[PDB]
$ cat protein-v5.txt   # compact mmCIF, C-alpha atoms and all ligand atoms
# COMPACT_ATOMS: atom_id res chain seq x y z
CA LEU A 776 -9.74 55.81 -1.83
CA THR A 777 -11.70 58.69 -3.45
CA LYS A 778 -12.79 56.26 -6.22
CA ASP A 779 -16.17 55.80 -7.87
CA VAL A 780 -18.61 52.98 -7.11
CA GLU A 781 -20.67 50.75 -9.38
CA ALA A 782 -24.21 52.13 -9.60
CA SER A 783 -27.24 50.22 -10.86
CA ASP A 784 -30.98 49.73 -10.54
CA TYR A 785 -31.87 53.37 -11.11
CA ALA A 786 -35.18 54.92 -10.07
CA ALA A 787 -36.71 58.41 -9.91
CA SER A 788 -39.71 60.13 -8.41
CA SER A 789 -40.60 61.15 -11.96
CA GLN A 790 -38.80 61.85 -15.24
CA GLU A 791 -39.35 63.84 -18.46
CA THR A 792 -39.40 61.77 -21.66
CA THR A 793 -42.04 63.73 -23.61
CA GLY A 794 -40.81 67.32 -23.88
CA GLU A 795 -37.20 66.05 -24.09
CA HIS A 796 -35.19 62.86 -23.49
CA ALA A 797 -34.29 63.14 -19.81
CA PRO A 798 -34.73 59.75 -18.10
CA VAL A 799 -33.17 58.77 -14.79
CA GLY A 800 -30.51 56.91 -16.78
CA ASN A 801 -29.06 60.26 -17.90
CA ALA A 802 -27.85 60.95 -14.35
CA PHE A 803 -25.55 57.89 -14.22
CA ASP A 804 -23.99 57.84 -17.70
CA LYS A 805 -20.74 59.68 -16.87
CA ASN A 806 -21.65 62.46 -19.28
CA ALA A 807 -22.02 66.02 -17.99
CA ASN A 808 -24.09 66.97 -21.04
CA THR A 809 -26.93 64.57 -20.23
CA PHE A 810 -29.26 64.97 -17.30
CA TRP A 811 -32.24 63.43 -15.62
CA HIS A 812 -35.08 65.93 -15.28
CA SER A 813 -38.29 65.81 -13.32
CA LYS A 814 -41.48 65.51 -15.34
CA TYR A 815 -42.71 68.99 -16.13
CA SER A 816 -44.86 68.08 -19.11
CA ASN A 817 -48.48 67.73 -18.10
CA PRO A 818 -49.29 66.21 -15.64
CA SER A 819 -46.15 67.69 -14.06
CA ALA A 820 -44.48 66.29 -10.94
CA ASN A 821 -44.00 68.38 -7.80
CA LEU A 822 -41.38 68.66 -5.04
CA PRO A 823 -39.91 66.70 -3.46
CA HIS A 824 -38.10 65.03 -6.36
CA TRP A 825 -35.66 62.16 -5.91
CA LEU A 826 -33.30 59.73 -7.59
CA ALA A 827 -32.32 56.39 -6.13
CA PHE A 828 -29.91 53.62 -7.07
CA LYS A 829 -27.84 50.71 -5.85
CA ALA A 830 -24.20 51.34 -4.93
CA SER A 831 -21.87 48.33 -5.01
CA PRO A 832 -18.50 49.26 -3.39
CA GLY A 833 -16.98 45.79 -3.00
CA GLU A 834 -17.22 43.50 0.01
CA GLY A 835 -14.76 45.20 2.36
CA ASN A 836 -15.66 48.85 1.84
CA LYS A 837 -18.29 51.41 2.60
CA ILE A 838 -19.56 54.37 0.63
CA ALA A 839 -18.03 57.60 1.90
CA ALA A 840 -19.81 60.22 -0.19
CA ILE A 841 -22.55 61.08 -2.68
CA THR A 842 -21.59 63.52 -5.49
CA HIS A 843 -23.99 65.71 -7.46
CA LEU A 844 -23.31 67.57 -10.70
CA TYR A 845 -25.97 69.93 -12.03
CA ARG A 846 -26.66 70.42 -15.70
CA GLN A 847 -23.83 72.45 -17.18
CA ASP A 848 -25.65 74.47 -19.86
CA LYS A 849 -27.44 77.10 -17.81
CA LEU A 850 -28.70 78.03 -14.36
CA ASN A 851 -32.31 76.81 -14.27
CA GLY A 852 -33.03 76.64 -10.52
CA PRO A 853 -30.51 74.06 -9.22
CA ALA A 854 -31.18 72.01 -6.14
CA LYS A 855 -30.90 73.84 -2.85
CA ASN A 856 -31.88 71.75 0.19
CA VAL A 857 -31.12 68.05 -0.23
CA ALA A 858 -31.23 64.88 1.85
CA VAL A 859 -29.54 61.49 1.46
CA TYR A 860 -31.06 58.25 2.72
CA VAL A 861 -29.31 54.88 2.80
CA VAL A 862 -30.36 51.32 3.48
CA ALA A 863 -28.72 47.93 3.05
CA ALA A 864 -29.36 46.33 -0.35
CA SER A 865 -30.83 43.40 1.65
CA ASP A 866 -33.61 45.73 2.86
CA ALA A 867 -35.47 44.89 -0.41
CA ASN A 868 -35.42 43.06 -3.74
CA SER A 869 -34.76 46.25 -5.65
CA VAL A 870 -34.51 49.97 -5.12
CA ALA A 871 -38.18 50.37 -6.12
CA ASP A 872 -39.23 47.87 -3.45
CA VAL A 873 -37.80 49.88 -0.52
CA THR A 874 -40.70 51.11 1.63
CA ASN A 875 -38.76 52.59 4.59
CA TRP A 876 -35.68 54.76 3.97
CA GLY A 877 -35.16 55.75 7.62
CA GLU A 878 -34.04 59.18 8.74
CA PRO A 879 -31.79 61.15 6.35
CA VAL A 880 -28.24 60.06 7.11
CA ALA A 881 -27.11 63.40 5.68
CA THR A 882 -28.38 66.79 4.58
CA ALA A 883 -26.90 69.61 2.54
CA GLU A 884 -27.70 73.04 1.22
CA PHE A 885 -26.04 73.66 -2.10
CA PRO A 886 -24.77 77.05 -3.21
CA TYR A 887 -26.10 78.74 -6.36
CA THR A 888 -23.73 77.04 -8.80
CA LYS A 889 -23.29 74.37 -11.49
CA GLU A 890 -20.18 73.06 -9.73
CA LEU A 891 -19.84 69.56 -8.34
CA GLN A 892 -21.20 69.10 -4.80
CA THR A 893 -19.96 66.48 -2.33
CA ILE A 894 -21.97 65.14 0.60
CA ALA A 895 -19.86 63.03 2.96
CA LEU A 896 -21.86 60.28 4.64
CA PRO A 897 -21.55 58.99 8.26
CA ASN A 898 -19.68 55.73 8.92
CA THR A 899 -22.78 54.45 10.73
CA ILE A 900 -24.26 53.50 7.35
CA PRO A 901 -24.16 49.79 6.40
CA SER A 902 -21.01 48.36 4.87
CA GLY A 903 -20.96 46.90 1.34
CA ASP A 904 -23.93 47.11 -1.03
CA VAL A 905 -26.50 49.81 -0.31
CA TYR A 906 -29.55 51.47 -1.83
CA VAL A 907 -29.23 55.27 -1.85
CA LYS A 908 -32.03 57.86 -2.19
CA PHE A 909 -30.96 61.43 -3.11
CA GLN A 910 -33.87 63.77 -2.47
CA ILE A 911 -34.36 67.40 -3.47
CA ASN A 912 -36.67 69.24 -1.09
CA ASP A 913 -36.02 72.75 -2.31
CA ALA A 914 -34.57 74.54 -5.28
CA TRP A 915 -33.03 77.84 -6.16
CA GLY A 916 -34.95 80.37 -8.27
CA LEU A 917 -33.78 81.77 -11.59
CA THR A 918 -31.71 84.14 -9.48
CA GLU A 919 -30.52 83.60 -5.90
CA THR A 920 -33.34 85.85 -4.57
CA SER A 921 -36.28 84.79 -6.78
CA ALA A 922 -38.81 82.17 -5.83
CA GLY A 923 -37.51 78.58 -6.08
CA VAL A 924 -38.40 76.51 -9.16
CA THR A 925 -40.70 73.46 -8.88
CA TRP A 926 -38.57 71.16 -11.06
CA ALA A 927 -35.18 69.45 -10.74
CA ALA A 928 -32.32 68.29 -12.94
CA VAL A 929 -29.11 66.36 -12.29
CA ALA A 930 -26.36 65.72 -14.85
CA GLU A 931 -24.55 63.16 -12.65
CA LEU A 932 -25.10 61.44 -9.32
CA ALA A 933 -22.38 59.15 -7.95
CA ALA A 934 -21.08 57.44 -4.79
CA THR A 935 -17.40 57.17 -3.77
CA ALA A 936 -15.76 54.77 -1.24
CA CA B 1001 -25.34 62.62 -17.49

$ encode --input "protein-v5.txt" --output "structure tokens" --more "lines below"
Ligand SMILES: [Ca+2]
Amino acid sequence: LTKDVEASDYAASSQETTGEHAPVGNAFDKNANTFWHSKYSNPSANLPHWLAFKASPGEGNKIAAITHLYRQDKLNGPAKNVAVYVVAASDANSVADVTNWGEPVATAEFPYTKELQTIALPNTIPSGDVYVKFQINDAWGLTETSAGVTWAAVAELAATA
């Protein structure tokens, strides 16, 4: 019932730890002020960028939604076109082991905003413990109409059940 789910075993396509302290862990710490950021220091990562983690909802429940909160400080090309993949935690030893994520169970286009975004998931996803990949295919520019940025940042990523 609209409640948050234990996350663990965090992974990212890339992360910045040189130019600033922005590891994947920043996206799961329940602090709006901290964010994961893609590696932009040289050699910089490119799109798509993603975060993944394990969601543990309890035995008799299923994750209903992924939530995304951008950084809150400024508008710096927030995520635009996103995709969520899901597999059963049994599918591998850890998040990082997962070699096939299947078809996106959900997509979303986010408005030009810092506000919290919710992506409801289909009930065809496995029950109980799941690995989740949140992937950013496209980003906003520095205005709505300028060319999209090549980097990504997320202050918080979470699953509800
Ligand atoms: Ca954070």

$ residues_around --input "protein-v5.txt" --residues "residue 916 of chain A" --least-positions-apart "3" --cutoff "12 Å" --atoms "all atoms listed in the file" --output "ChimeraX atom specification"
/A:850-855,886-888,913,919-927

$ residues_around --input "protein-v5.txt" --residues "residue 781 of chain A" --least-positions-apart "5" --cutoff "9 Å" --atoms "only C-alpha atoms" --output "PyMOL selection string"
chain A and resi 829-833+933-934

$ residues_around --input "protein-v5.txt" --residues "residue 885 of chain A" --least-positions-apart "2" --cutoff "10 Å" --atoms "all atoms listed in the file" --output "VMD selection string"
chain A and resid 843 853 to 857 882 to 883 887 to 894 914 to 915

$ residues_near_point --input "protein-v5.txt" --point "(-28.5, 62.6, -18.3)" --cutoff "12 Å" --atoms "only C-alpha atoms" --output "PyMOL selection string"
chain A and resi 790-792+795-813+844-847+928-932

$ atom_distance --input "protein-v5.txt" --atom1 "atom CA of residue 823 of chain A" --atom2 "atom CA of residue 910 of chain A"
6.8 Å

$ closest_residue --input "protein-v5.txt" --among "A:868, A:935, A:836, A:875" --to "residue 903 of chain A" --atoms "all atoms listed in the file"
A:836

$ residues_around --input "protein-v5.txt" --residues "residue 900 of chain A" --least-positions-apart "2" --cutoff "8 Å" --atoms "all atoms listed in the file" --output "MDAnalysis selection string"
chainID A and resid 837 861:862 880 896:898 902

$ atom_distance --input "protein-v5.txt" --atom1 "atom CA of residue 820 of chain A" --atom2 "atom CA of residue 783 of chain A"
23.6 Å

$ atom_distance --input "protein-v5.txt" --atom1 "atom CA of residue 911 of chain A" --atom2 "atom CA of residue 860 of chain A"
11.5 Å

$ closest_residue --input "protein-v5.txt" --among "A:838, A:821, A:899, A:871" --to "residue 912 of chain A" --atoms "all atoms listed in the file"
A:821

$ closest_residue --input "protein-v5.txt" --among "A:881, A:778, A:834, A:794" --to "residue 819 of chain A" --atoms "all atoms listed in the file"
A:794

$ closest_residue --input "protein-v5.txt" --among "A:848, A:840, A:904, A:884" --to "residue 864 of chain A" --atoms "only C-alpha atoms"
A:904

$ residues_near_point --input "protein-v5.txt" --point "(-35.6, 51.5, 6.8)" --cutoff "9 Å" --atoms "only C-alpha atoms" --output "PyMOL selection string"
chain A and resi 861-863+866+873-878

$ write_last_selection --input "protein-v5.txt" --atoms "C-alpha atoms" --output "PDB file, in the frame of the given file"
ATOM      1  CA  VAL A 861     -29.310  54.880   2.800  1.00  0.00           C
ATOM      2  CA  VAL A 862     -30.360  51.320   3.480  1.00  0.00           C
ATOM      3  CA  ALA A 863     -28.720  47.930   3.050  1.00  0.00           C
ATOM      4  CA  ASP A 866     -33.610  45.730   2.860  1.00  0.00           C
ATOM      5  CA  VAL A 873     -37.800  49.880  -0.520  1.00  0.00           C
ATOM      6  CA  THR A 874     -40.700  51.110   1.630  1.00  0.00           C
ATOM      7  CA  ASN A 875     -38.760  52.590   4.590  1.00  0.00           C
ATOM      8  CA  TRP A 876     -35.680  54.760   3.970  1.00  0.00           C
ATOM      9  CA  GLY A 877     -35.160  55.750   7.620  1.00  0.00           C
ATOM     10  CA  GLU A 878     -34.040  59.180   8.740  1.00  0.00           C
TER      11      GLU A 878
END

$ build_atoms --input "protein-v5.txt" --residues "segment 814-831 of chain A" --atoms "N, CA, C and O atoms" --output "CSV table (one decimal), in the coordinates of the input"
chain,number,residue,atom,x,y,z
A,814,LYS,N,-40.4,65.4,-14.4
A,814,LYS,CA,-41.5,65.5,-15.3
A,814,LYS,C,-42.1,66.9,-15.1
A,814,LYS,O,-42.7,67.1,-14.1
A,815,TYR,N,-42.1,67.7,-16.2
A,815,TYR,CA,-42.7,69.0,-16.1
A,815,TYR,C,-43.8,69.1,-17.2
A,815,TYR,O,-44.6,70.0,-17.1
A,816,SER,N,-43.7,68.2,-18.2
A,816,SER,CA,-44.9,68.1,-19.1
A,816,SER,C,-46.1,67.6,-18.3
A,816,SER,O,-45.9,66.9,-17.3
A,817,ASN,N,-47.2,67.9,-18.8
A,817,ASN,CA,-48.5,67.7,-18.1
A,817,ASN,C,-48.9,66.2,-18.1
A,817,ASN,O,-48.7,65.6,-19.1
A,818,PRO,N,-49.3,65.6,-17.0
A,818,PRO,CA,-49.3,66.2,-15.6
A,818,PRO,C,-47.9,66.2,-15.0
A,818,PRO,O,-47.2,65.2,-15.0
A,819,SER,N,-47.5,67.4,-14.6
A,819,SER,CA,-46.2,67.7,-14.1
A,819,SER,C,-46.0,67.2,-12.6
A,819,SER,O,-47.0,67.3,-11.8
A,820,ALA,N,-44.8,66.7,-12.3
A,820,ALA,CA,-44.5,66.3,-10.9
A,820,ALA,C,-44.2,67.5,-10.1
A,820,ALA,O,-43.9,68.6,-10.6
A,821,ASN,N,-44.3,67.3,-8.7
A,821,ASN,CA,-44.0,68.4,-7.8
A,821,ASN,C,-42.9,67.9,-6.8
A,821,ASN,O,-42.6,66.7,-6.8
A,822,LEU,N,-42.3,68.9,-6.1
A,822,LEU,CA,-41.4,68.7,-5.0
A,822,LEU,C,-42.1,67.8,-4.0
A,822,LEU,O,-43.2,68.0,-3.8
A,823,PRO,N,-41.3,67.0,-3.2
A,823,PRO,CA,-39.9,66.7,-3.5
A,823,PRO,C,-39.7,65.8,-4.7
A,823,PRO,O,-40.5,65.1,-5.1
A,824,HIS,N,-38.5,65.9,-5.3
A,824,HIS,CA,-38.1,65.0,-6.4
A,824,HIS,C,-36.9,64.2,-5.8
A,824,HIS,O,-36.2,64.7,-5.0
A,825,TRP,N,-36.8,63.0,-6.3
A,825,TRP,CA,-35.7,62.2,-5.9
A,825,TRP,C,-35.2,61.2,-7.0
A,825,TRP,O,-36.0,60.9,-7.9
A,826,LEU,N,-33.9,60.8,-6.8
A,826,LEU,CA,-33.3,59.7,-7.6
A,826,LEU,C,-32.8,58.7,-6.6
A,826,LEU,O,-32.4,59.1,-5.5
A,827,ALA,N,-32.9,57.4,-7.0
A,827,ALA,CA,-32.3,56.4,-6.1
A,827,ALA,C,-31.6,55.4,-7.0
A,827,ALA,O,-31.9,55.2,-8.2
A,828,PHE,N,-30.7,54.6,-6.4
A,828,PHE,CA,-29.9,53.6,-7.1
A,828,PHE,C,-29.2,52.7,-6.1
A,828,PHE,O,-29.2,53.0,-4.9
A,829,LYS,N,-28.7,51.6,-6.6
A,829,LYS,CA,-27.8,50.7,-5.8
A,829,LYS,C,-26.4,51.1,-6.0
A,829,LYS,O,-25.9,51.2,-7.2
A,830,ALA,N,-25.6,51.2,-4.9
A,830,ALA,CA,-24.2,51.3,-4.9
A,830,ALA,C,-23.5,50.0,-4.5
A,830,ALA,O,-23.8,49.5,-3.4
A,831,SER,N,-22.6,49.6,-5.3
A,831,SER,CA,-21.9,48.3,-5.0
A,831,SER,C,-20.4,48.6,-4.8
A,831,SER,O,-19.7,48.7,-5.8
